[PDB]
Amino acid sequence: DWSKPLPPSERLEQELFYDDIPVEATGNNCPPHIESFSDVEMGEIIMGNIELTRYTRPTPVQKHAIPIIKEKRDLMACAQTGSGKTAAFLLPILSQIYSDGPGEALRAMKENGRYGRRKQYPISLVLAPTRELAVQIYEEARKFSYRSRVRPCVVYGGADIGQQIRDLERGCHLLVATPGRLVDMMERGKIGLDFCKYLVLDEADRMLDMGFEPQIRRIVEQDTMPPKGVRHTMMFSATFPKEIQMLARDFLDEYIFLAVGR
């Protein structure tokens, strides 16, 4: 069902569509890396969209992070920007979702709430420090969710929350958001973190530099999100100061530390 692609759409494909660096990797029973996307199975939809995006081979961070996430192991990864981090986590996550489906849980619930008052339960949550990074992540998600049942969404401050609220209502299996706006959404009862199995923190060090830790601890520890060990968590940070080390200690479980040249 959720594994079978939908009929193509010329209109969308229009809209939608340095290496060999040594890597450090610490942790228990760390899953082996891939040299090509076909080394592991991610389904027709993913492989189909990888072709459309013209991704020949995985980048370094993609080579080690993808199989680790596929194996449902928590991850802490220090990689520079512009290294393919985004896809490194969206491909395996989206692949997992297509394979498993939404579940009879979120399925037998697609019809709740009232007209103009629907609560959404994202299966996946991605936190970014800025509207720019959030939008990028979001665009990459649309390309990989092309011809799939997954509907990506993105919310952030600095723009009307009204339009954003109306977009969420239409459905949201994967949510990209800046911490501030997401907290707003939750207080307004528009978002529930009860079924969130995938949590990604992109550029965590940048988020703390901006003082987003309170809102993030609020989002992850002071609410309804499944705890570590149950949910699958991934952290991406270019630097690794003590604050980030502590943030990883609290949010990650028996994780793998991945350093791509830094």
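Numbers for residues come from their place in the sequence shown, where the first is 1.
- Where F17 is followed by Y18 in the displayed chain, the model omits 10 or more of the deposited residues that sit between the two.
- When the two stretches 125 to 133 and 101 to 109 are set side by side, the higher mean Cα temperature factor goes to 101 to 109.
- Of the two segments examined, 154 to 162 and 141 to 149, it is 154 to 162 that shows the higher average Cα temperature factor in the deposited entry.
- Based on the entry's C-alpha B-factors, the most elevated value among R118, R73, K85, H173 belongs to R118.
- Of the candidates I45, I34, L208, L201, the one whose C-alpha carries the top B factor in the deposited record is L208.
- When the CA B factors of the chain's modelled residues are split into thirds, the value for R217 lands in the middle one.
- Among all modelled residues in this chain, the alpha-carbon of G180 has a temperature factor (C-alpha) in the middle third.
- In the PDB entry, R54 places in the highest third of its chain by CA B-factor.
- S237: CA B factor in the middle third of modelled residues in this chain (values from the PDB entry).
- Per the deposited record, the Cα B-factor of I191 falls in the highest third when ranked against the other modelled residues of its chain.
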